[PDB]
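Protein chains in written order, with the entry's author numbering: chain R, 2 to 68; chain U, 63 to 120; chain T, 2 to 144; chain S, 2 to 146; chain c, 4 to 67; chain d, 2 to 56; chain F, 22 to 227; chain Q, 3 to 143; chain Z, 28 to 105.
Every residue, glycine too, gets a C-beta built ideally from N, C-alpha and C.
A short write-up of the structure that comes next.
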Amino acid sequence: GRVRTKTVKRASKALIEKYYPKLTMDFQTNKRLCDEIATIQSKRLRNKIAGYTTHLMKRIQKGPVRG
Amino acid sequence: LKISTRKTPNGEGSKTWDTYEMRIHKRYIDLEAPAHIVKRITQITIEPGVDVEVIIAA
Amino acid sequence: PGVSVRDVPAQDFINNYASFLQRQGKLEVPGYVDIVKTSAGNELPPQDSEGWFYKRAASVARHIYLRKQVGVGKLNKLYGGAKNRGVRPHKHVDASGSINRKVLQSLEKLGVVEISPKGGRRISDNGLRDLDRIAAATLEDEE
Amino acid sequence: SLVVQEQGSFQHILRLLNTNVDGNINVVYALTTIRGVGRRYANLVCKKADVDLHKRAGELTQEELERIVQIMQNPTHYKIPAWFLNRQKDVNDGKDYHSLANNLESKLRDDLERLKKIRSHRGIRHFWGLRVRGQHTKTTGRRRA
Amino acid sequence: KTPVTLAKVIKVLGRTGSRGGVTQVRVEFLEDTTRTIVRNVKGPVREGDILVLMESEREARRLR
Amino acid sequence: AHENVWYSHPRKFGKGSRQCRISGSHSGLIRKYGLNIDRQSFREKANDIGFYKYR
Amino acid sequence: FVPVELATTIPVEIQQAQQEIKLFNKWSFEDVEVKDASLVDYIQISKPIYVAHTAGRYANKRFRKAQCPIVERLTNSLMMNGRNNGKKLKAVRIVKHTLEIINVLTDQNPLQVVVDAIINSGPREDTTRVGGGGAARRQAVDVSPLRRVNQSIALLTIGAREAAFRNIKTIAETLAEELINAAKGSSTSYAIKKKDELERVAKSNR
Amino acid sequence: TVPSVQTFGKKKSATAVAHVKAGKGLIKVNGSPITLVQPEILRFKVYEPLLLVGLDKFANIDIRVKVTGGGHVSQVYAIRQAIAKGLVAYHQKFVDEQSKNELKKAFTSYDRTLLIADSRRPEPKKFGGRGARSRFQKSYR
Amino acid sequence: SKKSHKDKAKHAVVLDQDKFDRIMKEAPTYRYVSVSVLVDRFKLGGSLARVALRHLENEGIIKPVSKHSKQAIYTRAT
RNA sequence: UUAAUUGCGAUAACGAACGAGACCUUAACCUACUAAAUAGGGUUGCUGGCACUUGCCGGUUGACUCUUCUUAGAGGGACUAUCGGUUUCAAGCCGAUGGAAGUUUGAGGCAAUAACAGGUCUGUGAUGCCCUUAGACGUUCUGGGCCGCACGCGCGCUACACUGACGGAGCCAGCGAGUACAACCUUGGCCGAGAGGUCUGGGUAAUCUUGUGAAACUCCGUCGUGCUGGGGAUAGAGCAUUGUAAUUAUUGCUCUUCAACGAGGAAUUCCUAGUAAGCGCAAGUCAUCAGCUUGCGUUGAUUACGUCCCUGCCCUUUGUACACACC
Ligand SMILES: [Mg+2]
Ligand SMILES: [Mg+2]
Ligand SMILES: [Mg+2]
Ligand SMILES: [Mg+2]
Ligand SMILES: [Mg+2]
Ligand SMILES: [Mg+2]
Ligand SMILES: [Mg+2]
Ligand SMILES: [Mg+2]
Ligand SMILES: [Mg+2]
Ligand SMILES: [Mg+2]
Ligand SMILES: [Mg+2]
Ligand SMILES: [Mg+2]
Ligand SMILES: [Mg+2]
Ligand SMILES: [Mg+2]
Ligand SMILES: [Mg+2]
Ligand SMILES: [Mg+2]
Ligand SMILES: [Mg+2]
Ligand SMILES: [Mg+2]
Ligand SMILES: [Mg+2]
Ligand SMILES: [Mg+2]
């Protein structure tokens, strides 16, 4: 039952829309980028944000996507 | 430091309890050190909440 | 090579030590044997009417050899299980104290147990020597 | 290990202290079938009489029965302690006895009628047939049978 | 006689029954693998099991 | 109120030997660690004391 | 067979040729095969085990229950009553005694007897409640092979249990008798009797 | 210094600490040889690394295990895991890679818990029931 | 408080000479010997089941397969 | 699609707020850091024993050294990561692999709007009104009751026994708690058969009780299908403890009588993994008393991994003569 509610999806969308040249395919590098370029309070939310950012980046790499 | 307590002040209601608690951390330190500087350390850098105690043990 | 009590099974060593202590005339049994429950937990005396005291002494001697030092109350906690409290839930009931006290004094007379400075009683050089000797006896008895 | 057990001598029924007792049971648990004698007391009486514990009551000899019988009527003579006795301190004459098959029930009945006559609360409660040792009776023992 | 036959499931058609504890599958015979039936199972199944049937003309009907 | 009889009963122990320290009540008392506060007042003042709901 | 020298002397029989893992160092898992083809992959004699006791997470996913060793499942189903519910070492001892007893009677390596009894005592067609209250009946359906294994184990243990209850014979001996009788089609077995009756009832309610 | 390392193995509340040294094939638990483990019927459980690997693999290697906490069978599983992990760690540290990999292949292909600690631990109890996740009873009348 | 079973003594509480020649005659030809098996034939009470069962370990009349308590497992000597 | 008004989206809806989630506590994993005579380990001392080969099992608050386990701080770790299926190819689901961990990782703590004439004036020196306020419904003292018993019902405990009872022997935890203006946790040594008694010594606590040497459990024997060595209710007598005071048995212990009880109808309760169940221990009540509760740990499963059939819950559509709302 993992659905990744509003906050992570919106934050990842803004992260991609403002930092696409710096984002990569790897989860760990994007995790460090999420740490440095954004002030996520906790770290579980940070990991979820980085994971959805990686998923959206992979979808973009496959092709162009809506939103 | 834990206490369990019934929530209802009157016994009526579904049986529901709660557990209040603190933790005490101790972290003792011992020094093979000179006299005056050690005491001056004890009487300085005191924060409310944390309690300092000194035992000579000499 | 050399052998300690740790290298022999517990039950066989205890049985052999009880038999050896029974064979020789030392280790006097208190005059109140055949009488006692051995603990409030039990409801009957030992099934082995005579010789059970030797078994208890053997177990006690092995226990002091293995552990650091043991008093009387600690043995009371060790022996004794669950008392059938009629229609109430079972609990833990400490063993009888007089029996273990007499066991320890008899072991003192045999020289196998020495009074320890830290309280309680520990093993003695002569007694632990006999314990290793009879451990060897049991071990080469096996094969 | 095993014995033929001398066919023609193993008893099957006994009458020790005017109660019929089956002899094929183990000696201590055969003695347990007489009123006022339990497994502990019978076990100790058998132990003091030197008769074999694992023996069968229907196979031990006659003088064994009479020695056991003698032991279990004046226990204090045979080093049975002051305690472990059935009725100690004996509030009629102060001499610790041990009640037996007929004597136990009879003397319990005289004690009961003494409590009835003395007009004690315990006595009248016994006379009524209610609980004596202070248990609740709202839900306990609500059926005679 | 003893016409015990075997049938390997090729697909599971959901779970049926008023209880909701029985399932419905499409079984294909160990022989003549082009001949299949629909059958009701009472227990946990998945793609790969081999049911034992004492019948072959029977077809499963949804239990209501 | 003869002094020999008034409040003459011993109160060294039992239900009424100690009170609530908040309400003076003898019911629902918490004697753990010398709190001596009854349960409801404890629920009220736990956060001030240092007790919190944690798990 | 090449006794390895060590400062600790493990017994020779425990050192002999131990690339030949046995159940209780007595019975070989090889030579044991499943006669029925339907119940294969749901009887786990394939893997070797040195004890019928393993703290395995056999109840996390849906179908790992099959991968549990079949003897282990028999042990786990023996420990079934309130008076004896958590005791499993006792169940292991009972199963061990049953295996030696079965070895005594008709040697027929007892793992094969266990497997054959489980194959035989499992029903092949069962029934379900389908009646709509007023017209309530039973309804004939088929059983999953995993449920066949489960049910066979269940009735075997139930029969052993009520054979041992207030009876002279030990639980191990009653279990051995039930397993031996269910190895064949002997109707004197309780598990096979329940199987036969249940299949007959399912036949009556097609 | 003698080549020697220290490993450990855990159960619900059991913990076996095993020191492995270059010895003479000497396997003791709590100062007693492995053949006399507290119980008797889980003894093969504690021989299991020995026979799975083969004794000749560690014939000049000595074992000392101190096991504390938890009940009997939990302690036994703790010794099992401790001995297995000690063997694997020693082979990694001082012997070779392929040897340790072969030991891991022999182990993990059999009762994965031999090298991996069990994840299951007891569930805290809750009010409203005598069990961790059970309720008391209802009356309704 | 019932009376349904109506069981008799049904057990030889004491061994007899004819019963001894019996236990010895089918000491073999009983290809599996145990307490329950021995008492199944009405000739042993059950306490002496262990007595005669242990006695047969005298001249190797039967062989032990396992000697765990609470039961016994013996086969005929071959 | 989700556990979710959780998202993908379509759109007279656009932006938002509370709830859910996020968040904290806790349980895992840390041979990576910091460290430790209130935790452990190694080497070496000084010794004990057995072996005689240099080795084994021990003792010492003698030294040097270390932090793997035991601790607790800062941190790391998992985000469904990789891959394969399936999905208007989007949200997402299923499987395998690597993992410690892939049910929201497990368990919880808070937990929205609106409401009940739900409970509590008997928790409050919270309290409006009414009552009483002197032989008082105030306060205190003595004794009794809150425990009675023709009866019914609700939580449970012990059992009906062989997977057992009883004897010995093995010997394994984690939560706690513990004395000061009072008298707590008790080791150890002597007595007693036991409860218990006495003399000393520790501990205001990782130091002492305490490694709480707990039960179930394991090994060897006695019992042998007999309401029996099961079951221990009901009673008789005696010995002690707490208490100003124990009778209407406080409680513990010793001997005896040993009752109903043969797995329990209709009916009905709880529960899908360290779960249920068995087993006990600690803490709260406590001067003494649990068969209770709150927690903790030991041994540890069968059977699902689904459904709307019974009992209900959420959203939508529909009908209503209902709105104190199908009582
Ligand atoms: Mg014991
Ligand atoms: Mg026992
Ligand atoms: Mg019992
Ligand atoms: Mg029980
Ligand atoms: Mg439970
Ligand atoms: Mg560390
Ligand atoms: Mg994919
Ligand atoms: Mg959660
Ligand atoms: Mg008022
Ligand atoms: Mg008043
Ligand atoms: Mg009342
Ligand atoms: Mg209730
Ligand atoms: Mg009994
Ligand atoms: Mg502990
Ligand atoms: Mg114990
Ligand atoms: Mg009886
Ligand atoms: Mg209460
Ligand atoms: Mg479900
Ligand atoms: Mg209207
Ligand atoms: Mg109507």
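Check whether chain S comes within 8 Å of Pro47 (chain T), counting only Cβ atoms and requiring the distance to be less than that. no
In or out: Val41 (chain Z) buried (at least 16 other Cβ within 10 Å) or exposed? buried
Enumerated in chain order, which unbroken segments of the beta strand (DSSP E) with a length of 3 residues or greater are wholly contained in the stretch 18-59 of chain c? 25-32, 39-45 and 53-56
Please determine, among T:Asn43, T:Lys69 and T:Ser125, the residue with the shortest C-alpha to C-alpha distance to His91 (chain T). T:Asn43
Range of the contiguous beta strand (DSSP E) that encloses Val114 (chain U): That residue, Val114 (chain U), is in no beta strand (DSSP E); it is neither H nor E in DSSP.
Can you tell me which of Z:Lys97, Z:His38, Z:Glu84 and Z:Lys94 puts its alpha carbon nearest to the alpha carbon of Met51 (chain Z)? Z:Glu84
Nearest-angstrom Cα distance between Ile65 (chain T) and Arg143 (chain S)? 55 Å
Relative to chain S, which residues along the stretch 33-53 of chain Z have a C-beta separation below 7 Å, given in chain order? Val40, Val41, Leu42, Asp43, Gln44 and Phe47
Using a C-beta to C-beta distance shorter than 7 Å, which residues of chain Q count as neighbours of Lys77 (chain U)? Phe129 and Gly130
Contact set between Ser50 (chain T) and chain S, taken where Cβ atoms lie within less than 8 Å: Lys48 and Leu54
So, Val151 (chain F) versus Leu60 (chain F), is the Cβ gap smaller than 8 Å? no
Helix or strand or just coil, what does DSSP make of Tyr8 (chain d)? coil
Within its chain, find whatever has a CB closer than 6 Å to the CB of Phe138 (chain Q); leave out the 5 residues flanking it on each side and keep chain order. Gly131
Please identify, using Cβ separations under 8 Å, the residues of the stretch 157-168 of chain F that lie next to chain c, in order along the chain. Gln160, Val162, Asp163, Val164, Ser165, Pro166, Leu167 and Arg168
Assigned exposure category for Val9 (chain T) - 16 Cβ within 10 Å defines buried: buried
Using a Cβ-Cβ distance under 8 Å, would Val78 (chain Z) count as near chain S? yes
Check whether the Cβ of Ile89 (chain Z) lies closer than 8 Å to any Cβ atom in chain F. no
So which residues of chain d does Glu83 (chain U) contact, with C-beta pairs closer than 9 Å? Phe52, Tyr53, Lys54, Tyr55 and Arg56
Could you check what DSSP says for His98 (chain U) in three-state terms: helix, strand or coil? helix
Show which residues of chain Q have a CB atom less than 8 Å away from the CB atom of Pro10 (chain T). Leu38
Which residues in the same chain have their Cβ closer than 8 Å to the Cβ of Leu80 (chain Z), if we skip the five residues on either side of it in sequence? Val60, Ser61, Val62, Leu65, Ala99 and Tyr101
At what residues does the alpha helix (DSSP H) containing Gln12 (chain T) begin and finish? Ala11 to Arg24
For ligand 12, I want to know if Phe138 (chain Q) counts as a neighbour, meaning its beta carbon is within less than 7 Å of at least one of the ligand's heavy atoms. yes
Three or more C-beta pairs closer than 8 Å, one from the stretch 98-111 of chain S and one from the stretch 27-37 of chain S: is that the case here? yes
For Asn32 (chain Q): DSSP bridge partner residues: According to DSSP, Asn32 (chain Q) bridges with nothing at all.
Give a yes or no on whether 8 Å exceeds the smallest Cβ distance from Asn44 (chain S) to chain T. yes
For ligand 1, any of its heavy atoms closer than 7 Å to the Cβ of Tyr80 (chain T)? yes
Opposing strand residues paired with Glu115 (chain T) [DSSP bridges]: T:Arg123
Select from the stretch 69-90 of chain S all residues with a C-beta closer than 8 Å to any C-beta belonging to chain T, and list them in chain order. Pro82 and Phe85
Cross-chain neighbours of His95 (chain Z) in chain S, by beta carbon under 9 Å: Near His95 (chain Z) there are no residues of chain S at all, since even the closest Cβ is about 20 Å away, more than 9 Å.
Cβ of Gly133 (chain Q) within 7 Å of any heavy atom in ligand 5? yes
For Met101 (chain F), count neighbouring Cβ atoms within 10 angstroms of its own Cβ and tell me buried if that reaches 16, exposed if not. exposed
Measure the C-alpha to C-alpha separation of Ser28 (chain Z) and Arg145 (chain S) and round it to an integer number of angstroms. 16 Å
Run through DSSP, which three-state label would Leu44 (chain F) get? coil
As assigned by DSSP and simplified to three states, the class of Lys106 (chain Q): helix
Is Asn85 (chain T) near ligand 3 - that is, is its Cβ less than 7 Å away from at least one heavy atom of it? yes
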